[PDB]
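K.L.:
with the input below, show me the fold.
(chains A, B, C, D, E, F, G, H and I, ligands or ions: 6)
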Amino acid sequence: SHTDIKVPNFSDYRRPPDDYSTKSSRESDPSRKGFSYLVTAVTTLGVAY
Amino acid sequence: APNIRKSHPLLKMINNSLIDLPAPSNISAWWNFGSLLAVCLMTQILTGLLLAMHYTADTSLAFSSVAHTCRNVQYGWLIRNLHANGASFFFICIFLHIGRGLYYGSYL
Amino acid sequence: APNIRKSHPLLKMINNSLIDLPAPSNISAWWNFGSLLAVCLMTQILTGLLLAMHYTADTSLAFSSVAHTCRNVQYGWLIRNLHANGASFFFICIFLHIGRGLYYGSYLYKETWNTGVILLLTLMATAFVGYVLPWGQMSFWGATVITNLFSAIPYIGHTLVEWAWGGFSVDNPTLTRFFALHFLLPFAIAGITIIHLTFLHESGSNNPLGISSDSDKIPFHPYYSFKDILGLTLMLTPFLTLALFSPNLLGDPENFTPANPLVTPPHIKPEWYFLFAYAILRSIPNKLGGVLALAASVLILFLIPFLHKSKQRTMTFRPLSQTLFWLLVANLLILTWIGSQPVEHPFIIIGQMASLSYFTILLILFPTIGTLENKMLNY
Amino acid sequence: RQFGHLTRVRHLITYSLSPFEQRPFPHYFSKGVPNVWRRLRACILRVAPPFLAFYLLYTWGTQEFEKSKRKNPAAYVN
Amino acid sequence: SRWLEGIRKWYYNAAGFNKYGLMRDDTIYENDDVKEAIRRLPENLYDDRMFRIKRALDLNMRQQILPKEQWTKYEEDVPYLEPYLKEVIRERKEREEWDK
Amino acid sequence: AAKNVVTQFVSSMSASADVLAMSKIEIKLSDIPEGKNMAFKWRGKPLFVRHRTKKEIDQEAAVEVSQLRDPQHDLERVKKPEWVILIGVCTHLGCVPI
Amino acid sequence: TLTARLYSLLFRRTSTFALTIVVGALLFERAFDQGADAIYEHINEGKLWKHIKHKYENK
Amino acid sequence: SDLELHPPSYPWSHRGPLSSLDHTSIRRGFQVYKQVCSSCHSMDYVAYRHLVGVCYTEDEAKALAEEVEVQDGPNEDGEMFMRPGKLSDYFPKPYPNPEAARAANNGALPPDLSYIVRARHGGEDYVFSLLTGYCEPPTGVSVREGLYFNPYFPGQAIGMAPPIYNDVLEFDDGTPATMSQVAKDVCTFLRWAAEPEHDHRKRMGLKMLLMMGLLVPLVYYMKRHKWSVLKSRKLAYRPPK
Amino acid sequence: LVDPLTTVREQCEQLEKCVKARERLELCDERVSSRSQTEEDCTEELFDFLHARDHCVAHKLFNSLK
Ligand code: HEM
Ligand code: HEM
Ligand code: HEM
Ligand code: HEM
Ligand SMILES: CCCCC[C@H]1C(=O)O[C@@H](C)[C@H](NC(=O)c2cccc(NC=O)c2O)C(=O)O[C@H](C)[C@@H]1OC(=O)CC(C)C
Ligand SMILES: CCCCC[C@H]1C(=O)O[C@@H](C)[C@H](NC(=O)c2cccc(NC=O)c2O)C(=O)O[C@H](C)[C@@H]1OC(=O)CC(C)C
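P.N.:
Numbering: from 1, shown residues only, chains lettered A, B, ... in the order given. Ligands and ions are numbered 1, 2, ... in the order given. For reference, the structure is listed below:
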């Protein structure tokens, strides 16, 4: 049917060790984005130069 | 499409800007100015491209070069003449083209 | 449309060729080659346009001018370096781009492919000129053969040349009229390239498996835009490395000696990105044959689409033709070596040989190993 | 060709995670590097051969040439 | 002396298109004939093929393949389209001949 | 109209209305001893003037004229066999023979 | 906690982000150069004119 | 016989993709050119102007260029006239024209050494060798009247007599003016001469390399960051039955 | 004043290869200057020497130069 459907396990498979249930994904990633962004922020920077 | 004049990426453009293009029935000469402007753009690019075949951009040679390009190159003189004048026919048409456009509010 | 990215005649084009363009999900680097080719077209047009700001097309001033453009103009030296090398990064990417296309039968998008050839041809053409410009020993003598190379065409030949270049011998005129072509041509490449992509878009981009991709296809922007910016920096680093560390690494030094109409350098090795066909030309002793060989040496790409027999598009599942392929890519890397090599028995033969496998591998082997593999599948 | 007119696709459930909720890095040393080799070793025996062959034909060719240059101690023993 | 049978088996695993997990026919370039062929396919097999292709693509796009297990075995490869495709072709060849 | 405009803007290149005729040059034959070849600056392309040896002249005659690409005996191409003169321009694609 | 402090304050508002790219670039420049220049020069002690400028300006 | 000898590689002080030119050495390299080569070897693409800030001082080069008079523009009565070489003049030509030089150098044409280093495969390595490397032709081999054997030169017969021996000059800095030594200094010069950008060009290369290093990964993350949406992804075919 | 070159060519002229070469030459030399009519030339042999000599000449020469 459709109830029989699940989002498979992406845990270790991918997922940063700040994401493995039992605790808000929020508060956590609103830190992670900084990083991935940090890079970009930098690349942009490096590029400017 | 059995058409082709419409089923070909390139070919369509043409049969869509020169053939099949809907244009108002009533249109004065003041509408040619533009198609002319093109012909200038061409006549200029063609002649000048060809005149550059003999130009020598450099103070000491620059002036003469042209003279040479005229006196020495077959019809080189004709090329120049045509060029310097296309310049004008070019500005003329442009000046008229702007006219027309101004007084038919094509500027809309 | 509240969109705008789609409601604006100009603006749409962009958000229709860089954003929103459906591209296959699975695409190897061999797909960047092209976006790169562009960057070359640019780097070339930008630098050269800028280098022309100092060039002085005229025998007596031509050589020096460049030197001046280097020694005198701030970073003028950098500009040159970059330019002469873009030439290569340009031919490299093109040479790879053609590779990829060949071995994924992208040549099935025919038009997009045929236009491609034209580009090559032109890129080969424009690069021929321009190199004449600095008017070095090479510049000159290249001008004299390549041009004279049209000697072969009967009736209209001897004449077409004594016109090709200025009067009756590569001299000042030929130079000025070359600069012009060079200054002009690139802009043609740019145009055709537009025509090239147009034809493409008509038919989505290929994809390495050679099977429909509608099943997947991702929005060009988010993905491939980045992927290009990346590949930009990747095959940008080498090209720059060269230009800042060993510029003339690829550039024959013999050309550092101003032209002498009287003495062609013993050891005239054409530019690397030309050697293959070069070899082919000399290994077929007959003016005409020599030229003819050459003619088809490159003008053969036009036939690849007709010399396709595999029931499958790409050849990732065609291990047979697959190695035949590298037999080709190497058979090319060979012709090249044999091109940068003087004419003696150790070579020569090797030459005309590879300069035989070349054709056959294309004209015959491929299509044969082609149908064959289909039958090894009951097709 | 644009989007929404590509293919009649039925019954394909796909699950993907935001890039910020997953890690781009990825899993090198687990699936990463392994597959790399899974490939060097897969095509090495299909690519390298011809290149190798060239090499030989290159060396051979060069040596021989460099040889045909040196004198035959016996082109004149007298 | 050497079985074409024995051979095909070779080529099949050699082509290794089954490593992605898609039948022979799932590969044949899509030309006019095939398209018409596939357009004649029963909806069952169609969606089947689709997914197999999308999966194939998804793999390919990840550079990774299918576990040694899931590869499809030569003898079990299902020529799901060859039959339709053939009629097609002859249908055509029949027409092409009649128009002369 | 076109026919001409074309012809016109086609000769707007061929030739150049600038032609010379230095067809006349004086050479001190003693500048070229036996066995060597001197090159001269002549009419837009090089000019070869050579002093041939007894042997040189001898083998050039012993040449298998019938088996030649461009059959011509040495003696029908030069007046004084000890003296051979040529346009230092290769016929293939225009380089200077060494 | 840097990264978090950063995001919230610097990378969140597309308005801000940019602003740090700029002020950042200015800093990266100034620093990258001095660093580069030094790395370079040092790898060439006593060879540069800056280094011999002195036998007509001492050292 | 197209038989030739290929020049051995010397660890020049400036070979390193990151190593500039020993400006001190060029200074001498200059002097050796000025004092011994600039009497046969023209060097049209350089000019005292350059030396300033690279191996000489403004006042140094100025007085350095005074050292030569140059033919200059028309009078009022219009006539070439000589006058003190300014700072902007180009290194003096030894001969009014080539064929003039050829008539001064036993029928040979001493090539201009502006781009010599990069006009001959081998550059300095070649040039150096060539200079420091003459000798008696082995047997059976005979160089004709006016030429001088030098194995490293194609034909082995050069029209240039060994132009450099010990002491030929005296580097005012107190440097053993040995052949090997001077000949070195001439080559390091011939290099800068051929491409003044050298240093500026490598330094640049340095930075260029530190940006690739820094930029490419950054965008690589970004490329992966963005693709993870797909790399991660998972399919599944769920028909009803 | 002594040229570090000549000194370093002294040492080098002694390395095994030079000797095994310098010899190879010496013979040829007096092998050709011993006959009246011979096309042989001891160039090749000469190079082999040089080639080898200067090779180390380089590995060390620039050490004594300023
Ligand atoms: C001064 C230190 C000096 C250098 C350096 C030098 C070098 C040099 C080169 C590299 C060449 C030849 C390269 C080639 O393969 O053709 C060259 C050529 C000639 N030179 Fe020289 N030379 C130096 C000094 C001098 C001096 C003072 C004279 C005049 C006495 C002189 C002359 C010539 C001549 C002649 C040649 C011709 C070579 C030929 O065509 O055979 N050089 N020099
Ligand atoms: C857009 C149209 C063009 C304009 C408005 C134009 C106008 C001019 C003008 C007025 C001059 C000076 C002519 C004179 O002395 O009277 C000129 C000169 C020249 N133009 Fe153009 N030009 C145009 C395009 C071109 C093109 C496309 C080329 C080649 C790329 C070109 C190459 C030259 C050359 C060779 C000269 C120098 C010789 C001469 O002065 O006649 N021109 N052009
Ligand atoms: C399509 C790409 C281009 C190619 C393939 C190309 C290639 C070349 C090449 C190889 C040379 C010789 C460089 C050398 O001496 O090593 C050259 C020279 C030159 N090119 Fe281009 N060029 C291109 C575009 C341009 C453009 C767009 C212009 C300007 C319209 C330009 C202007 C020049 C100039 C000024 C020279 C002379 C100075 C020099 O030799 O470096 N080039 N070009
Ligand atoms: C003028 C320079 C050229 C540029 C800038 C250019 C650009 C493009 C680009 C970006 C694409 C998109 C997909 C890809 O990157 O591979 C493309 C595709 C293609 N180009 Fe070019 N191209 C050029 C020259 C050529 C040449 C010389 C050939 C001729 C053999 C060629 C053949 C193709 C083919 C077969 C495709 C379509 C199939 C596919 O993308 O998988 N292109 N080209
Ligand atoms: C391969 C050839 C493709 C054809 C390109 C060519 C094409 O637009 O051709 C016409 C339609 C164009 N004018 C008109 O359509 C037009 C429109 C309304 C009324 C009239 N007549 C008045 O009574 C017109 O004449 C005219 O102005 O030329 C342009 C502008 C263009 O060409 C220019 O880019 C060329 C420049 C870029 C060199
Ligand atoms: C105002 C700017 C408009 C943008 C023009 C610009 C536009 O087509 O930009 C991309 C899409 C084009 N390549 C691709 O789309 C592309 C397609 C499939 C895969 C990849 N990536 C591989 O992984 C691609 O990168 C790339 O090859 O540049 C062309 C060709 C054109 O630009 C050229 O005319 C410029 C020349 C004429 C000077």
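K.L.:
any idea how far whatever residue of chain E ends up closest to ligand 1 lies from residue C:334?
P.N.:
Going by Cβ to the nearest ligand atom, ligand 1 is nearest to residue E:63 of chain E, at 53.0 Å. (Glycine included, C-beta is placed from N, CA and C.) Residue E:63 is 31 Å from residue C:334, where distance means Cβ to Cβ, to the nearest Å.
K.L.:
those two: who's more crowded?
P.N.:
Higher neighbour count among residue E:63 and residue C:334: residue C:334, with 27 against 14, using other Cβ atoms under 10 Å in any protein chain shown.
K.L.:
and the one helix or strand the more buried one maps to, how far from the chain's centre?
P.N.:
Here residue C:334 sits within helix C:319-339, counting by DSSP states H and E. Here helix C:319-339 is found 18 Å from its chain centre; the criterion is Cα atoms, centre = their mean, to the nearest Å.
K.L.:
which residues touch residue H:35?
P.N.:
By Cβ atoms under 8 Å, 6 or more residues apart in numbering or on different chains, the residues touching residue H:35 are H:168, H:169.
K.L.:
sorry, wrong one. I was asking about residue A:8.
P.N.:
The neighbourhood of residue A:8, defined by Cβ under 8 Å, 6+ apart, consists of D:15, H:234.
K.L.:
so it: helix, strand or coil?
P.N.:
coil (DSSP: H, G, I helix; E, B strand; the rest coil).
K.L.:
measure it to residue H:232 for me?
P.N.:
11 Å.
K.L.:
go through stretch A:21-37 and flag the buried ones.
P.N.:
Across stretch A:21-37, burial judged by 16 or more other Cβ atoms under 10 Å in any protein chain shown covers A:25, A:29, A:30, A:31, A:32, A:33, A:34, A:35, A:36, A:37.
K.L.:
pretty sure residue H:98 sits against residue H:109.
P.N.:
Yes: using Cβ atoms under 8 Å, residue H:98 makes contact with residue H:109 at a distance of 5.8 Å.
K.L.:
ok and the residue in chain E nearest ligand 6?
P.N.:
Minimum separation of chain E from ligand 6 (Cβ to the nearest ligand atom) falls at residue E:61, amounting to 12.0 Å.
K.L.:
with chain B instead?
P.N.:
residue B:9 (14.7 Å).
K.L.:
with adjacent residues omitted, what lies nearest to that residue?
P.N.:
residue C:202 (5.0 Å; Cβ to Cβ, 6 or more residues apart in numbering or on different chains).
K.L.:
roughly how far apart are that neighbour and residue H:129?
P.N.:
Residue C:202 is 61 Å from residue H:129, by Cβ to Cβ.
K.L.:
who has more neighbours out of the two?
P.N.:
residue H:129 (26 against 14).
K.L.:
show me what contacts residue 11?
P.N.:
No chain specified, so I'll use chain A. Counting by Cβ under 8 Å, 6+ apart, residue A:11 makes contact with residue A:20.
K.L.:
you looked at the wrong chain, it should be chain D
P.N.:
Contacts of residue D:11 were listed using Cβ under 8 Å, 6+ apart, and they are E:47, E:51, H:237, H:238, H:239.
K.L.:
if we go to 10 Å?
P.N.:
Contact analysis of residue D:11 by Cβ atoms under 10 Å, 6 or more residues apart in numbering or on different chains lists E:47, E:48, E:50, E:51, H:236, H:237, H:238, H:239, H:240.
K.L.:
next: residue H:14.
P.N.:
Taking Cβ under 10 Å, 6+ apart, we find residue H:14 in contact with G:44, G:47, H:20-23, H:25-26, H:124, H:188, H:191-192, H:198-199, H:202.
K.L.:
let's see it at 8 Å
P.N.:
Residues near residue H:14 by Cβ under 8 Å, 6+ apart: G:47, H:20, H:21, H:22, H:188, H:191, H:198.
K.L.:
which of those residues lies closest to residue F:25?
P.N.:
Nearest to residue F:25, judged by Cβ to Cβ, of the contacts of residue H:14 is residue H:191 at 42.1 Å.
K.L.:
related to what we said a few turns ago, distance-wise, check the residue nearest to residue B:9 relative to chain A.
P.N.:
The gap separating residue C:202 from chain A is 34 Å, by Cβ to the nearest Cβ, to the nearest Å.
K.L.:
does that residue touch residue B:11 like I think?
P.N.:
No: in this structure residue C:202 lies outside contact range of residue B:11 using Cβ under 8 Å: 11.8 Å.
K.L.:
find the residues that touch each one of those two.
P.N.:
Residues touching both residue C:202 and residue B:11 (Cβ under 8 Å, 6+ apart): none.
K.L.:
show me the buried residues of stretch A:21-37 that map onto strands.
P.N.:
Among these, none falls in strands (DSSP state E).
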